[PDB]
Amino acid sequence: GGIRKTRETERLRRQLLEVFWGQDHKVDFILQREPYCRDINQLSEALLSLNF
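All letters in the sequence shown, in the order written, are residues 627 to 678 by the entry's author numbering.
This is how it looks when you write it as structure tokens:
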């Protein structure tokens, strides 16, 4: 299983489609929210992608 993971979200951003990290408002929103999983998503992808 797995269902909710960081990899799928970033995957939107990396090559795949808008999963967590991508969903409508949720896309950058994931980290700007309260949950830890979402936090990692923009934190890891949006922060690394924007700087690099």
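Ideal Cβ placement from N, Cα and C applies to all residues, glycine included.
- By the Cβ-count criterion, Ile-656 is buried, with 16 or more other Cβ atoms from all chains shown falling within 10 Å of its own Cβ.
- Around the C-beta of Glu-636, 16 or more other C-beta atoms lie within 10 Å, and the residue is accordingly described as buried.
- Annotation: the stretch 629 to 657 contains the following complete segments of the alpha helix (DSSP H) (minimum length 4 residues), in chain order: 632 to 640.
- Secondary structure at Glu-671: helix, using DSSP grouped into helix, strand and coil.
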